[PDB]
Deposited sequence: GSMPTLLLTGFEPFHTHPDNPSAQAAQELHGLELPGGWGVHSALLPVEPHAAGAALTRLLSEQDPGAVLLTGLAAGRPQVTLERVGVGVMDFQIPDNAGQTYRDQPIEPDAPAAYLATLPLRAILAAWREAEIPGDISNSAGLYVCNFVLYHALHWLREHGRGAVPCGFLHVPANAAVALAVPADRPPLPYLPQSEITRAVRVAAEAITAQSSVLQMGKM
C-alpha cells in the first residue's frame, strides 16, 4: 500500500515448488520498508493474465518476481526475455493448446526482463546457490505471464518497475512422482528452492 511491495507469484498445483515458495514467503519483511505480497496464478493463460493484471493494478508493486516450475532444470534460473508467442507442448489445465499464436496483435515480439539479473546471480553465489540466466522461458504459461507483466507495466508507464521470471527445479515431490519409464529428474529440496526465491527477492529490493 503506502510501503513498497514486491509482488511474488507462483503457479497453482500435483505439486508445484513455485507455489510452495510463494506461499511461505508471503508477508516477508525486507530491508528498506519492503514487503512481499504473494499470489498464485492458475496454469491457463487467459485466467493467469486476468489474475496478474488485477494484482499489478491492485497491489501497485515496486517490483515483480514471477516464478514457476521448470521440471528437468538442475538449478534456479532467471529468464532474460519474454516472447510474444503462445505455443504449447502440453495442454494447459483447461485442456487447451495454442500453436504459434501471437500474444497480442501489434505488440513487441519480445520484452526483456528488467530485474537486476547479474545482482541476483551474485547474491545467489554469495549464498552458495548455483544459478544462471536462461534465454528462453518456453512458450507455455510461464513465458506468457512474463510477457504479459512486462507489457502491462510498459503500457501503464511503469516500465521502470523491475519485473522478471525465476524458474525453479523440481522439488522432491515432483521427482518422486516421475513414472518408472521416464528419466530421473534433477531436483532440490523445497527449502533450497524457497531460499533461492528469498535471496532473489532480497537482491531485487536492495537494488531498487
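The deposited chain is incompletely modelled, with C-alpha atoms absent over 14 to 17, 213 to 220.
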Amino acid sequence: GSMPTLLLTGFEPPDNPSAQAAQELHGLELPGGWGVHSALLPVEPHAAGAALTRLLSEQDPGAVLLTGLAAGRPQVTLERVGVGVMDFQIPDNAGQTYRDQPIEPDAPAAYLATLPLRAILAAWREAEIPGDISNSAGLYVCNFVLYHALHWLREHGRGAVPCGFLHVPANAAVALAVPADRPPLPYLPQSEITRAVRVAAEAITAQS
From here on, numbers count along this sequence of modelled residues.
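If you average the C-alpha B-factors over 165 to 173 and over 41 to 49, the higher value belongs to 41 to 49. As recorded in the PDB entry, 174 to 182 is the stretch of 142 to 150 and 174 to 182 with the greater mean C-alpha temperature factor. Looking only at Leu30, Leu65, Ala70, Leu56, the residue with the top Cα B factor in the deposited structure is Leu30. For the set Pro105, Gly82, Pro74, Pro116, the PDB entry puts the maximum C-alpha B factor at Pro105.
Per-chain ranking of the deposited C-alpha B factor places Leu112 in the lowest third.
Placement of the Cα temperature factor of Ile120 within the chain: lowest third of the modelled residues, per the deposited record.
Among all modelled residues in its chain, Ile129 ranks in the lowest third by Cα B-factor. In the deposited entry, the Cα temperature factor of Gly10 places it in the middle third of its chain's modelled residues.
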